[PDB]
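# Per-entry structural report
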Amino acid sequence: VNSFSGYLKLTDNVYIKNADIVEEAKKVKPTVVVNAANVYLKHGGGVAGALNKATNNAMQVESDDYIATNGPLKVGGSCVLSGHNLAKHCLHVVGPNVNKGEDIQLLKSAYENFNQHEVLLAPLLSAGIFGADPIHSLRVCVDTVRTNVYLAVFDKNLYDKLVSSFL
Ligand SMILES: O=C(O)C[C@H](NC(=O)c1ncnc2[nH]ccc12)c1ccc(Cl)cc1
């Protein structure tokens, strides 16, 4: 039993809800919130910009130190950093950006990072400003993640389409 509330159950292990991931994190304080990161951990916009703003830029400060030490992530890769005021940990996951021409097959590799954590709050990877079809992202999620994932879909219109078309 966990504190996630109001989710629709898509599968044994995948759940979905129309919610702002920022507001959801402040309420649940999950062990792991997933960020829709880029390889540079530059959290300028999208989900990443929203999460970072909610941390008063502390996420960005920590991220800049991480990059200065370790260099950029790989597309499809991830790192665990602090969750600041939003969660215990933030799993920064880099899905491919279609608006950068990156291979959508890398989306499955990106979701595989979720399997290292028993429970996560997460967005649909590669959706939004990353350019991928969110219906495809939800499918890859369900077919790749085996741990318990609570998806927040910010757009109510997108949420209803994801649910109504979910196979
Ligand atoms: O679920 C959605 O609609 C799409 C989602 N976007 C957000 O979560 C979002 N975007 C902008 N401002 C925001 N403020 C609070 C949340 C939020 C998204 C998913 C993957 C990527 Cl790669 C990029 C964006």
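Here is what the cut-offs are and how they apply
Residues numbered from 1 in each chain as written, not as in the entry; some residues may be left out. Heavy atoms only, no water. Helix = DSSP H or I, 4+ residues; strand = E, 2+ residues; numbered from the N terminus. Rg over C-alpha atoms; globule rule 2.2 N^0.38 Å. Contact = heavy atoms within 4.5 Å. Areas by Shrake-Rupley, 256 points an atom, 1.4 Å probe, with all protein chains shown as cover. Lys, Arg positive; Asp, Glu negative; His and termini not counted. Charge placed at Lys NZ, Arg CZ, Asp CG, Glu CD. Core = buried A, V, L, I, M, F, W, Y, C linked by side-chain atoms within 4.5 Å. Buried < 20%, exposed > 50% of the residue type's maximum accessible area, 1.4 Å probe, protein only. Pairing = 2+ DSSP bridges. 1 Å grid on protein atoms, 1.4 Å probe; cavity = no way out; pocket = protein on both sides within 12 Å on 5 of 7 lines; lining within 4 Å. Points joined across faces, edges and corners; volume = space filled by probe spheres on them. Nonpolar A, V, L, I, M, F, W, Y, C, P; charged D, E, K, R; others polar.

- Method-wise, the PDB entry is recorded as coming from X-ray crystallography, at a reported resolution of 1.0100 Å.

- Where the PDB entry is consulted, the chain appears under the name Non-structural protein 3, with the organism given as Severe acute respiratory syndrome coronavirus 2.

## Some remarks on the overall build of the chain
- Within the chain, the secondary structure is distributed over six helices and seven strands.
- Since a compact globule built from 167 residues should have a radius of gyration of about 15 Å, the 15 Å found for the chain is in line with a globular shape.
- Taking the principal axes of the C-alpha coordinates as reference, the chain spans close to 45 × 35 × 30 Å.
- Excluding contacts between residues fewer than 6 apart, the proportion of contacts in the chain whose partners are at least 24 apart in sequence is 67%.
- A total of about 8100 Å² of accessible surface is found on the chain, and carbon and sulfur atoms cover 51% of it.
- Positive and negative side-chain charges in the chain, numbering 15 and 15 respectively, have mean positions lying 3 Å apart.

## Notes on the nonpolar core
- Within the largest apolar cluster, 26 residues are counted, with the highest numbers of intra-cluster contacts made by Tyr111, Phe114, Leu138 and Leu151.
- The greatest single-element share of this core, amounting to four residues, is contributed by helix α5 (residues 134-144).
- Every residue in contact with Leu138, bar those within four places of it in the chain, is listed here: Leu10, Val14, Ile16, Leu124, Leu151, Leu162 and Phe166.
- Core analysis: the second largest hydrophobic core is formed by 17 residues, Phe4, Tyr7, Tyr15 and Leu121 among them.

## Quick notes on the pairing of strand β2 (residues 14-18)
- Extensive coverage of β2 is indicated by the burial of four of its five residues.
- As defined by bridge partners, strand β1 (residues 8-9) adjoins β2 across two bridges and the pair is classed as antiparallel. Counted as the bridge partner of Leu8 is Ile16 from β2.
- With antiparallel pairing between neighbouring strands as the criterion, β1 and β2 make up a hairpin whose turn holds four residues.
- Looking at chain direction, β2 and strand β7 (residues 148-153) are connected through five bridges and run parallel. Looking at the pairing, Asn18 lines up with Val153 of β7.

## Notes on empty space enclosed by the protein
- For the coordinates displayed, the defined rule picks out one cavity of 30 Å³ or more.
- Estimates place the volume of the largest cavity at around 40 Å³.
- As for the largest cavity, its lining consists of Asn38, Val39, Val94, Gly95, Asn97, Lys100, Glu102 and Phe130.
- Residues belonging to the lining of the largest cavity are distributed by class as follows: three nonpolar, three polar and two charged.

## What to know about the layout of surface pockets
- Approximately 430 Å³ is the volume found for the largest pocket.
- In this structure, the largest pocket is lined by 22 residues; those nearest its centre are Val47, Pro123, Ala127, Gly128 and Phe154.
- When residues of the lining of the largest pocket are traced back to their parent elements, those giving at least two are α2 (46-54) and β7.
- Per-element accounting of the lining of the largest pocket gives the leading share, four residues, to α2.
- Residue classes in the lining of the largest pocket are distributed as 16 nonpolar, four polar and two charged.

## Thoughts on unusual backbone geometry
- The residue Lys29 is not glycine, and still its phi comes out positive at about 50 degrees.
- Inspection of the secondary structure puts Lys29 in the loop between α1 (21-28) and β3 (32-36).
- In this structure, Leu41 takes a positive phi of about 50 degrees despite not being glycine.
- On the secondary structure map, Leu41 appears in the loop between β3 and α2.
- Taking the relative accessible area as the measure of exposure, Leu41 reaches 0% and is therefore buried.

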